[PDB]
Amino acid sequence: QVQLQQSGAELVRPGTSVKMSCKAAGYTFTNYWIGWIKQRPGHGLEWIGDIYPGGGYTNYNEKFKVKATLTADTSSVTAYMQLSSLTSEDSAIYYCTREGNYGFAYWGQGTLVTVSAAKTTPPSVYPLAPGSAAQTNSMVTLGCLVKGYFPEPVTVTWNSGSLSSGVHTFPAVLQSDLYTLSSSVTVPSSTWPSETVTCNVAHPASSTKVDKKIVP
Amino acid sequence: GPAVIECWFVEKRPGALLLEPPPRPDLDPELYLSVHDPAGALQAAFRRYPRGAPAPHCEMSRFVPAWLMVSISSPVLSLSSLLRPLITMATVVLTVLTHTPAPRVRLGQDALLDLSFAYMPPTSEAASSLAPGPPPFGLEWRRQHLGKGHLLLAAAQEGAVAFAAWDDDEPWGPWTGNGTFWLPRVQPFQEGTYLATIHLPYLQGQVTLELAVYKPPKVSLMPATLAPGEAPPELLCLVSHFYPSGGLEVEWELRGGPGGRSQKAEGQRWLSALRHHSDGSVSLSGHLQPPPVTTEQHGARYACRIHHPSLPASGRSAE
Amino acid sequence: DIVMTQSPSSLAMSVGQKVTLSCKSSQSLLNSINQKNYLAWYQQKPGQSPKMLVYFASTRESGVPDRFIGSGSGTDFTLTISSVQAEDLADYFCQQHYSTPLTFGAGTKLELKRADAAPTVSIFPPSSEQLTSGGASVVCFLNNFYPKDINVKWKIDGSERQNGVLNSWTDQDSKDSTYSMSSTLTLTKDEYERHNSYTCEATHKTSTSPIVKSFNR
Ligand SMILES: *[C@@H]1O[C@H](CO)[C@@H](O)[C@H](O)[C@H]1NC(C)=O
């Protein structure tokens, strides 16, 4: 069957260039069009352009003629897209699809592109206690706020993952070229502070692990 | 703190549970059991039983993995135990106990059903056990209606969180453990019978609870009108925001009259005014037709007493 | 060139009943020869790649159940789901395949219908270790509320400012189908010691009066 595998995520710096791959295995690659779609959070889907690995090669969009040049390799089944002049608004997910007469219907896995000039820093985590002056009724909510980390992947687990019910982890938000998130958990007052509650945050980019207890 | 507990063995025959040798009288020797609890949960619950409290209901059946299953129910505690054998000696194996079997939570508030458990493995189990320590357990919370139905929590709409732990982890002897159930924003459609089931690789134990919901009403009294000119009796007494539809009885009384401060009013009186609010609660309007006020009734004041299961024994009064 | 307007923004209906999605085009997408409307409907699961459901404004894709019915012509097209289930929670797009450049729609997000639930507001003062290394950040949580329509507003003993107010909304839960929200007041240790009251207000459909949680420094 047909299948489209794309390159991994591309974390680069502004002003540079990025070339991604798209291998097409399962059909005659030089007999169908290969289109590129851009999905940016808050702007939906956008069509960048198509390329036919045969005679009539490329055909670009009006707003994607200077950026995102298209090339193909008929020898080894792969489709490339060379991004250039990467600005902060070029952070999106790029799919490669096998176009047809009625649409695509055959999409790729996807390539996440992120552009920024901040270095790889470890996260700074801080517990979030309701405070001594509070009216703790039945359930008490605790937090584990993680500020000041870059890349993107960070796992947070309460009590080494044994307590996952009622846990709400919020998506990361970029702040001062550093991301930031927080995690909340609701536990009964008969358990806390009677029993210790610990959040374990692991950052696989900087390869760090921090286990911090929540204290009043 | 009773020392002996009467029970019924079903398949009903009389039997006893003994927490030195009592003279076995009108009891078959198979159901006269001397109980020994290494976990010490059932005996502690029986010792902590209120003084003078009525005898709890008890049932004894035969479990199949001998095996006796004892279900002790009371409006104070709920206990389920597994036993293992002229008095037959028995040893407690597994026990699931809750001291909050009838929790009454206000409408809109969060409910916290508590539960505890204890496990004492037999000698044949521990001798053939190469386990690292405490076994992994499962805790299911369901809603029951004469059998089974909807499983709510485990280890699931509208929240319903379950927590369970041992916090002992001592690879020796019996283990104790806690288990809690959280139900957020209790609605009237969530009241009824709940069931907590502890499932260990050995077997299953089950306990039953009855979660009831109440709502105190808002009482108010005021004169009545009819928009006229002249005065046809008519009094009023408004009840607002109540959930227990049953147990409501409106009563009138005259406080401070020429015959004590506890005299029920006379005349016509009717009740039929009720409205369903946009939250499930209801309202009510009581009415009274008192006789003409005499000079001897000067200084007194009328009042409507309201009684409901969501109210204390004295109820609420409004004058 | 061609504009694809999708309607509505995001509807949340219960499972079982039929839902409808509309799509408007700036020009005609119906070909005179071989009378078909060059328009396709795509479905993208949360955090995955989009899959085509209906192409040529009709004729469903193989593997898609018959509940997805595509109709319409000219500039107005419609996609109806007779019996919504749990496997239909996604966002759908309508894309024209008639002229260059190919354009998509804004996308309609499908949620699950529920009863209104007030948010659980809980404010948190800055930590001790945060003050010794950095500044001060106030945390406010809004957990399990329906619908997603919610607005947060801070106040510093009379004053109010949107500077340093970073919020974070969650998606619909895969268990209780509720929404959560967080809010941070990133400040420094300097201007934090010169104010007393810090409150976190909201504005939801459940209560006419906002939920206010404050604390004194
Ligand atoms: C179980 O709860 C009781 C209070 O109800 C507490 O004293 C005890 O430490 C708890 N046990 C565990 C293992 O958490």
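*Asks:* Describe the overall build of chain B, listing the residues and the values that go with them.
*Replies:* Within chain B, the regular secondary structure consists of two helices and 22 strands. Its C-alpha atoms put chain B at 95 × 50 × 35 Å along the principal axes.

*Asks:* Describe the overall build of chain C, with residues and values.
*Replies:* A tally of regular secondary structure across chain C gives one helix and 17 strands. For 217 residues, the compact-globule estimate of 2.2 N^0.38 gives 17 Å, and chain C exceeds it by more than 25% at 23 Å. Projected onto the principal axes, the alpha-carbon positions of chain C cover approximately 75 × 35 × 30 Å. In chain C, 57% of the contacts between residues at least 6 apart in sequence involve partners at least 24 apart.

*Asks:* Break down the interface of chain B and chain A for me, with residues and values.
*Replies:* The partner chain A presents five residues to the four residues of chain B that form the contact. Here the side of chain B that touches chain A is composed, by residue class, of three nonpolar, no polar and one charged.

*Asks:* Could you give an account of unusual backbone geometry, with specific residues and numbers?
*Replies:* Residues and elements named next belong to chain C. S7 connects to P8 through a cis peptide bond whose omega is 0 degrees. Mapped onto the elements of the fold, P8 is located in the loop between β1 (4-7) and β2 (10-13). Phi at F56 is positive, roughly 70 degrees, even though this residue is not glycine. Among the structural elements, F56 can be located in the loop between β5 (50-55) and β6 (58-60).

*Asks:* Describe the UniProt feature "disulfide bond" in chain B, listing the residues and the values that go with them.
*Replies:* Residues and elements named next belong to chain B. The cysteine pair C7 and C58, annotated by UniProt as disulfide-bonded, shows a sulfur separation of 2.0 Å, below the 2.5 Å cut-off, so the bond is present here. Of the UniProt disulfides, the one joining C237 and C304 is intact in these coordinates, the sulfur pair sitting 2.0 Å apart. Placement of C237 in strand β17 (residues 235-242) and of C304 in strand β21 (residues 301-307) is noted, with a sequence separation of 67 residues between them.

*Asks:* Residue-level account of the pattern of salt bridges, with values.
*Replies:* Residue and element names in this part refer to chain C. The salt bridge partner of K189 is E193, with a shortest N-O separation of 3.5 Å. Residue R194 is joined to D190 by a salt bridge in which the shortest nitrogen-to-oxygen separation is 2.9 Å. It is possible to trace a salt-bridge network through shared partners that takes in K189, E193 and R217.

*Asks:* Describe the sheet that holds strand β11 (residues 120-124) of chain C, with residues and values.
*Replies:* Residues and elements named next belong to chain C. Spatial ordering of the open sheet is given by β11-β12-β15-β14, a layout of four strands whose pairing is antiparallel. Looking at the sheet topology across the chains shown, the edges are occupied by β11 and β14 (165-169). If you compare each strand with its neighbour and ignore which way they point, the axes differ by 15 degrees on average. Inspection of the sheet shows β11 paired to strand β12 (residues 136-145) by five bridges, in the antiparallel sense. Following the sheet pairing, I123 is matched in β12 by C140.

*Asks:* Lay out the state of the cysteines with the relevant residues and their values.
*Replies:* Such a bond, covalent and formed between the sulfur atoms of two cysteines, is termed a disulfide. The residue that forms a disulfide with B:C7 is B:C58, at a sulfur-sulfur distance of 2.0 Å. Around the S-S axis, the bridge from B:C7 to B:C58 shows a dihedral of about -80 degrees and counts as left-handed. Through a disulfide, C:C23 is tied to C:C94; the S-S separation comes to 2.0 Å. Note on the C:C23 and C:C94 pair: the S-S dihedral is about 85 degrees, so by sign convention the disulfide is right-handed. Within this pair, whereas C:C23 is found in strand β3 (residues 19-25), its partner C:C94 is found in strand β9 (residues 91-96), the two being separated by 71 residues in sequence. Take the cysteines of chain C that form disulfides and number them in order along the sequence; they join up as 1-2, 3-4.

*Asks:* Residue-level account of the interface of chain C and chain A, with values.
*Replies:* Reports often express the size of an interface as the amount of accessible area lost when the parts come together. Taken together, the contact between chain C and chain A spans 40 residues of the former and 34 residues of the latter. For the side of chain C that touches chain A, the secondary structure elements donating two or more residues are β4 (39-44), β5, β9, β11, α1 (128-132), β12, β14 and β15 (179-187) of chain C. Partitioned by chemical class, the residues of the side of chain C that touches chain A number 18 nonpolar, 19 polar and three charged.

*Asks:* Now, about the packing of aromatic side chains: what can you tell me, with residues and values included?
*Replies:* Residues and elements named next belong to chain A. For the ring pair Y95 and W107, a centre distance of 5.7 Å and an interplane angle of 75 degrees mean the geometry is edge-to-face. Here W107 lies in the loop between β10 (92-98) and β11 (111-115) and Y95 lies in strand β10, a separation of twelve residues in the sequence. Here the basic side chain of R98 rests over the ring of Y27, its NZ or CZ set 5.7 Å away from the ring centre. Sitting over the ring of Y32, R98 keeps its end group 4.0 Å from the ring centre.

*Asks:* Any details on the domain arrangement of chain C? Residues and values, ideally.
*Replies:* All names here are of chain C. When cut into domains, chain C gives domain 1 (4-112) and domain 2 (120-216). On a C-alpha basis, the centres of domain 1 and domain 2 stand 38 Å from each other. Of the residues lining the interface, four residues belong to domain 1; the matching set on domain 2 comes to four residues.

*Asks:* Hey, could you go over the sheet that holds β17(B) for me, with residue numbers and the actual values?
*Replies:* Residues and elements named next belong to chain B. Spatially, four strands are ordered β16-β17-β20-β19 in an open sheet, and the strand pairing comes out antiparallel. Edge positions in the open sheet fall to β16 (218-223) and β19 (268-276), since each of these has one partner strand only. Put simply, the sheet's adjacent strands are angled 15 degrees from each other on average, direction ignored.

*Asks:* Now, about the environment of C:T184: what can you tell me, with residues and values included?
*Replies:* With respect to the helices, strands and loops of the structure, C:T184 is situated in strand β15. Distance from C:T184 to C:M52, taken between C-alpha atoms, is 39 Å for residues 132 residues apart in sequence. With residues near it in sequence (within four places) discarded, C:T184 still touches A:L145, C:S137, C:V138, C:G164, C:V165 and C:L166. Among the polar contacts listed, one links the side chain of C:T184 to the backbone oxygen of C:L166, at a separation of 3.0 Å.

*Asks:* Mind laying out the pairing of strand β5 (residues 34-40) of chain A, listing which residues take part and the relevant values?
*Replies:* All names here are of chain A. Strand direction decides the pairing type here: β5 and strand β6 (residues 44-51), joined by seven bridges, are antiparallel. If you follow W36 over to β6, its bridge partner there is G49. Between the antiparallel neighbours β5 and β6 lie three residues, among them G42 with a positive phi of about 105 degrees. Note: β5 against β10, six bridges, orientation antiparallel. Note on β10: the bridge partner recorded for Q39 is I93.

*Asks:* For the environment of C:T80, give the residues involved together with the corresponding values.
*Replies:* Residue and element names in this part refer to chain C. By the secondary structure assignment, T80 is in strand β8 (residues 76-81). Between the alpha carbons of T80 and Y92 there is a distance of 11 Å; along the sequence they are twelve residues apart. Look past the residues within four positions of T80 in its chain and what remains in contact with it is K18, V19, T20, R67, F68 and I69.

*Asks:* Give a detailed account of the side chain of C:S168, specifying residues and quantitative values.
*Replies:* The topology assignment puts C:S168 in strand β14. A distance of 3.3 Å separates a polar side-chain atom of C:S168 from the backbone oxygen of A:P171. Apart from the residues lying within four places of it in its own chain, the contact partners of C:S168 are A:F170, A:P171, A:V173, C:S180, C:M181 and C:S182.

How each quantity is defined
Along each chain, residues carry numbers from 1 upward in sequence order, and these need not match the entry's numbering; residues missing coordinates do not appear. Here the convention is simple: chains get letters from A, ligands get numbers from 1, in the order in which they are written. Side-chain measures were taken over the full set of non-hydrogen atoms in the model, leaving aside hydrogen atoms and water. Residues with missing side-chain atoms are left out of burial classes, side-chain pairs and their counts. Counting from the N terminus, the helices are the DSSP runs of H or I reaching at least four residues and the strands are the DSSP runs of E reaching at least two. Computation of the radius of gyration draws on C-alpha atoms, with the globule rule given as 2.2 Å multiplied by the number of residues to the power 0.38. Two residues form a contact once any of their heavy atoms are found within 4.5 Å. Amino acids outside the nonpolar list (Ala, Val, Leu, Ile, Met, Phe, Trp, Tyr, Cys, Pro) and the charged list (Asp, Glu, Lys, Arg) are all regarded as polar, and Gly is one of them. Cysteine sulfur atoms that come within 2.5 Å of each other are treated as a disulfide pair. UniProt positions are given in the numbering used here, feature names are shortened, and annotations may be inferred rather than shown by experiment. When a carboxyl oxygen of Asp or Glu lies within 4 Å of a side-chain nitrogen of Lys or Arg, that pair is called a salt bridge. The pairing criterion for strands is at least two bridges between them, as found by DSSP. In this analysis an axis means a line fitted to C-alpha atoms, helices contributing only their contacting stretch, and an angle means the value between N-to-C directions, from 0 to 180 degrees. Pairs were defined over the aromatic rings of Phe, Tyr and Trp, the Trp ring being its six-membered one, requiring ring centres within 6.5 Å. Orientation was assigned from the angle between planes: stacked under 30 degrees, edge-to-face over 60, tilted for the rest. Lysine and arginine charges are scored as sitting over a ring when NZ or CZ, respectively, is within 6 Å of the ring centre and within 35 degrees of the ring normal. Each domain's extent is set by a domain assignment, obtained either automatically or from a database. For this analysis, a polar contact is any N or O atom pair within 3.5 Å, provided that within protein one partner can donate a hydrogen and the other can accept it, and provided that sequence-adjacent residues contribute only side-chain to side-chain pairs.

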